[PDB]
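Engineer: The structure that follows is given in the form of structure tokens.
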Amino acid sequence: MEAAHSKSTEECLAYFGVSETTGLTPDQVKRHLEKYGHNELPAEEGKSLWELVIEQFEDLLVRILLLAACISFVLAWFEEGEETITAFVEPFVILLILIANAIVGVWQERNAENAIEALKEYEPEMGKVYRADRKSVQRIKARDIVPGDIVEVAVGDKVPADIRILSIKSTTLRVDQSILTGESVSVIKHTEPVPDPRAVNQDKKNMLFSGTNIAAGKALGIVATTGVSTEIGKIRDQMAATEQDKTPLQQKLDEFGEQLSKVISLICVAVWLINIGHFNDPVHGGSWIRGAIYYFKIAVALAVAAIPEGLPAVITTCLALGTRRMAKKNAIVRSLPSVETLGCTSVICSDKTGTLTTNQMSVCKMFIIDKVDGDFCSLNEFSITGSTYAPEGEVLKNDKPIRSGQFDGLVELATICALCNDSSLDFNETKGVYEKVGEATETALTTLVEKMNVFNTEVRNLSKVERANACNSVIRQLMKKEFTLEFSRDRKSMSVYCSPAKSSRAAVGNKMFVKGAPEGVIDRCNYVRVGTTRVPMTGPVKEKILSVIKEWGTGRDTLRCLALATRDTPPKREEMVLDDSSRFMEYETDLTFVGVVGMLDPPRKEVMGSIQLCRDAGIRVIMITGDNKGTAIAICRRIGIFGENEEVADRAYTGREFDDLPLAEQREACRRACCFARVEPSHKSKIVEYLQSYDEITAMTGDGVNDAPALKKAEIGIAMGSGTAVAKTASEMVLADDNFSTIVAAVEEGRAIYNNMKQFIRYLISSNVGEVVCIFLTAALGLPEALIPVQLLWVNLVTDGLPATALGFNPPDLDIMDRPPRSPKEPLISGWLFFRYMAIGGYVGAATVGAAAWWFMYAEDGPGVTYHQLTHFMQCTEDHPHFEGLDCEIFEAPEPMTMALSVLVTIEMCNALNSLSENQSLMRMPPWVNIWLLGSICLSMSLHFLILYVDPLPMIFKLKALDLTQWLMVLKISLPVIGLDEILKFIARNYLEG
Ligand SMILES: Nc1ncnc2c1ncn2[C@@H]1O[C@H](COP(=O)(O)OP(=O)(O)CP(=O)(O)O)[C@@H](O)[C@H]1O
Ligand code: ALF
Ligand SMILES: [K+]
Ligand SMILES: [Mg+2]
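1 is the number of the first residue of the sequence shown in the deposited numbering; add one for each residue after it.
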């Protein structure tokens, strides 16, 4: 219940009315557990059902094609022709193709693993409370802890609830909140009020947050809030999102099924108009059932003529093709559609630490004293290469490589670094990589001493395992670490009391080695080491030292600095009280200053250039980090988001600063700003939202649990493979190899996928609004149905279905990444591109009804009926308007239908060559490009021939077309299609808008 880190220990103990040393009474626990319920996040239950599919039955590629499957199932129950056997295939292929596409929707969805469940792994099973019914501490179910009870935590513990700290039993309590701030560096807590009620977690140094863990120490607190009323609870709350995914491609293809569905219902009324003559002319009586059999035969034929049944499968294979192409860049795509959505992205938001940077604390600079006399102090300054905990990198003085052992200054530097140091480097043989044991900041020094190798030890021949701590080990064989004076908040340093290992001499080289806050340590330094020599700490020396420290702590190199000193004459081991850290500062006095070191969690090698390339492709990168504004900015300058001398005011905010802007100014601030620093998880998704509120496609890239809300908001969330599992779970792509330059590759991939999707979509629709043309002359002129649905499906699904996907193999438009992101308010079909495929679709429609009308009217071979009133075909019994009796029933012939269809296949093979481009003509551009499009055309017509000259088929379709007959003309009807789209192609490529 409590709403403050801003209250005092007392006011909080007060709020819930509880003794710090006795805890809660069973009475109170009863109440609280009643008022507040249990301490746990609910498990993303929002909505679900085996039923799922029950809702993927909305669009046209359902309802429209669902009638046509029942409307076509009733009609195929009254098929009292002589083909009662080949009857109800239509009902069953409409629904087998409907059950097919639908079941891919679900084996792709029954894959999701929830972030919320990934997130609840940060929930400790047990918690330790002090309650009233016992003197002893009580391990209880962490879910059975209520706001108010006294809680105890220690090293390794996961924090159970959100807790005000009451008492720190240790000399320092170090927490890891990378869960919330995305930095694993240990924050050092305290007890004092944090009075700002608008303080962010980074500020709330007296709180323990549920889900964080104790790096080190022991502490007593009072639970302040539990369950979903916690900071992690807020992360959980923005995970649950009933808001269904509306991908940028998918939506344009959902109101196209909406506008074509209105063309459907409304061209079934456009038939009621030319037909319906039977209320005025057909003498009131002519097989009355023939009306619902005709109106419904060509109703469920306009259904299937219009819809591209093949398209789902084609598309869902253009994606899978790219998904597997991305897989080979170690970009693991999780949601198929998202491979595209990356190309149209205009903004990329990015977590800093572990994403744009390696997240390996690196000492990149260090100095020692060089020369001192009078008013003059020169330093030796170095630089150290390496952005990783691996002992790979070299120490440079003036950009040229040196040996650190050539410098007595560095020998001591290194020593202090090895000994004043609780960390340790470990080579994980499984992951195949060096990892830290300990604080990142201390582990940085470990690695520095390895890299440095001041005793010039032979290390080349060493196993990686053994190379880990090699140089460190040398130094600690030299000096026995006697005991260690732990860091305290008072003195901002720590140190180590050390004895020599070798000397029987009666001369005690006994020594304390100190590191810490540079100001603090330099004050307690009376001397300054100059190699092997010791000289007094004058004021002009202290000034030179303190000056560079000011410089390295602030520039475009904004480093974490640390001073290193030794106490040459330490106290006597038995004069020192190691129980009371308040004493330790005084033992750490009379020091000889040794040198200084600067640290960075450095950028990944390839992040800078990826950023540069993103810029060229017209994409803007934004950093949104829970780390500090100075660090954030200096990384930005290094990866090129800012200029090395750019003045950044107004282009970088902290979470706090952002919050103080009026809501309007905030939304504008996301348009111009690039670092958002010291943010909370919810800042990241607020920002992604403002961005998207300008109808911009935004990606979020990161790796932390604090990244999750924004990984979700963003159109595309992209996780790093070394990141958290929840971040992986929340995103659609994981860069397995942490290669940040693969994101650029993924956008180029997205852009090419789109280009091709639209080129193969034009191809596929032209033969839909081109079969409907044919069903509307096969009906408006009372002609005999030139095509039946079973042929339509097969064609739309397969003959077209193949070269459709060979137009996914279409050569990637080069310079694809020299232009900007397409607009989302971009139309696919244009006022004139519609005029194109409507011009063509129109042609062929006639050309196939005009091959049903050349196996009669000019029927060179079989049953010809020249200029014959094919207004009727029921007329057969009464051969009076037309003589020719005993000829009856040639209208149901297989051959007139074989011609229409083979003309359709042949024209949808030349259309697949005009759709080998857009404006690019086959005149200038060789048709013989895609060896794959050729392969698909052969396979296409090689299957049409398996659909002619084979067993069981041709029976579901129609009788074989003979050479010298139904092919010469199937080919003579086809050719012109090229010329029609080659003149329409001139229209664009000689006098078009451009
Ligand atoms: N084990 C250790 N030995 C020596 N110095 C240490 C240390 N752990 C931390 N430091 C030093 O701690 C000094 C201050 O740490 P502290 O956590 O107390 O908070 P703070 O004063 O840095 C403010 P803030 O958290 O907002 O930046 C740092 O500059 C760091 O150099
Ligand atoms: F790694 Al972060 F904000 F969590 F940069
Ligand atoms: K997402
Ligand atoms: Mg991170």
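For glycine and all other residues, C-beta sits at the position ideal for the given N, C-alpha and C.
Find out if the Cβ-Cβ distance for the pair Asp-176, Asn-359 is shorter than 8 Å.
Structural biologist: no
Engineer: So is the beta-carbon of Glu-732 under 7 Å away from any non-hydrogen atom of ligand 3?
Structural biologist: Ligand 3 has a heavy atom closer than 7 Å to the beta-carbon of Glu-732.
Engineer: Answer yes if the region 620 to 629 comes into contact with the region 157 to 175, meaning at least three C-beta pairs across the two stretches below 8 Å, and no otherwise.
Structural biologist: no
Engineer: Provide the residue span of the alpha helix (DSSP H) that contains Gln-666, from first to last.
Structural biologist: 663 to 672
Engineer: Got a sec? Which residues, its chain only, sit under 7 Å from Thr-906 by beta carbon, not counting five neighbours each side?
Structural biologist: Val-970, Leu-971 and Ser-974
Engineer: Measure the alpha-carbon distance for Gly-516 versus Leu-562 and round it to whole angstroms.
Structural biologist: In this structure, the CA atom of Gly-516 is about 5 Å from the CA atom of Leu-562.
Engineer: Would the beta-carbon of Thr-742 be found less than 7 Å away from any heavy atom of ligand 4?
Structural biologist: no
Engineer: Are there any heavy atoms of ligand 4 lying less than 7 Å away from the beta-carbon of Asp-601, as far as the coordinates show?
Structural biologist: no
Engineer: Give every residue of the same chain whose Cβ lies closer than 8 Å to the Cβ of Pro-896, excluding the five residues on either side of it in the sequence, and list them in chain order.
Structural biologist: Taking C-beta separations shorter than 8 Å and ignoring five residues to either side along the sequence, the partners of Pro-896 in its chain run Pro-784, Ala-786, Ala-851, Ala-852, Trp-855 and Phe-856, following chain order.
Engineer: Excluding the 5 residues preceding and the 5 following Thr-242 in the sequence, name in chain order all residues of the same chain whose CB lies nearer than 7 Å to its CB.
Structural biologist: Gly-46 and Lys-47
Engineer: Based on DSSP bridge pairs, tell me the residues matched to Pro-500.
Structural biologist: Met-479
Engineer: Distance, Cα to Cα, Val-263 vs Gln-759?
Structural biologist: 22 Å
Engineer: Run through the DSSP bridge pairs and tell me what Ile-165 is partnered with.
Structural biologist: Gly-221
Engineer: Measure from the alpha carbon of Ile-978 to the alpha carbon of each residue in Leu-939, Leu-968, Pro-954 and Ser-921, then state which is nearest.
Structural biologist: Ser-921
Engineer: Mind checking whether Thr-345 and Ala-699 have CB atoms under 8 Å apart?
Structural biologist: yes
Engineer: On the DSSP bridge list, what partners appear for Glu-152?
Structural biologist: Note: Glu-152 is bridge-paired with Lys-128 and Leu-220 in the DSSP secondary-structure output.
Engineer: Tell me which residues share the same chain as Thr-871 and place their Cβ nearer than 6 Å to its Cβ, disregarding the 5 neighbours each side in the sequence.
Structural biologist: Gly-782
Engineer: Tell me whether the beta-carbon of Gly-595 lies closer than 8 Å to the beta-carbon of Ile-368.
Structural biologist: Yes, the Cβ-Cβ distance between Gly-595 and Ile-368 is below 8 Å.
Engineer: Can you tell me whether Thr-353 sits near ligand 2, meaning its C-beta is under 7 Å from at least one heavy atom of the ligand?
Structural biologist: yes
Engineer: Given a threshold of 16 other Cβ atoms within 10 Å of its Cβ, counted over all protein chains shown, does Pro-827 qualify as buried or as exposed?
Structural biologist: exposed
Engineer: Between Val-798 and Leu-943, which are expected to be in contact by the criterion C-beta below 8 Å, what is the C-beta distance as a whole number of angstroms?
Structural biologist: 7 Å
Engineer: For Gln-138, which of helix, strand or coil comes out of DSSP?
Structural biologist: Here DSSP, grouped into helix, strand and coil, assigns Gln-138 to strand.
Engineer: Please state whether the Cβ-Cβ distance between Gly-750 and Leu-342 is less than 8 Å.
Structural biologist: yes
Engineer: Hey, is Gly-182 close to ligand 4, as in C-beta under 7 Å from one of its heavy atoms?
Structural biologist: yes
Engineer: With DSSP as the reference, identify every bridge partner of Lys-436, one or two as the case may be.
Structural biologist: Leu-425
Engineer: Do you know offhand how far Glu-55's Cα is from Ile-97's?
Structural biologist: 17 Å
Engineer: Return the Cβ separation of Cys-471 and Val-449 in integer angstroms, given the expectation that the two are a contact with Cβ distance under 8 Å.
Structural biologist: 5 Å
Engineer: Which of the three DSSP states, helix, strand or coil, is assigned to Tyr-389?
Structural biologist: coil
Engineer: Quick check: is any heavy atom of ligand 1 less than 7 Å from the C-beta of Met-494?
Structural biologist: yes
Engineer: So if DSSP puts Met-599 in a beta bridge, which residue, or which two residues, is it bridged to?
Structural biologist: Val-363 and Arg-560
Engineer: May I ask you to report which of helix, strand or coil DSSP gives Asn-755?
Structural biologist: helix
Engineer: Can you find a heavy atom of ligand 3 that lies under 7 Å from the Cβ of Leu-342?
Structural biologist: no
Engineer: Rounded to a whole number of angstroms, what is the C-alpha to C-alpha distance between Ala-752 and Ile-633?
Structural biologist: 34 Å
Engineer: Can the beta-carbon of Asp-627 be found less than 8 Å from the beta-carbon of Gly-182?
Structural biologist: yes
Engineer: Mind checking whether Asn-469 and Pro-312 have CB atoms under 8 Å apart?
Structural biologist: no
Engineer: Identify every residue that forms a DSSP beta bridge with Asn-456.
Structural biologist: Answer is none; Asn-456 lacks a bridge partner.
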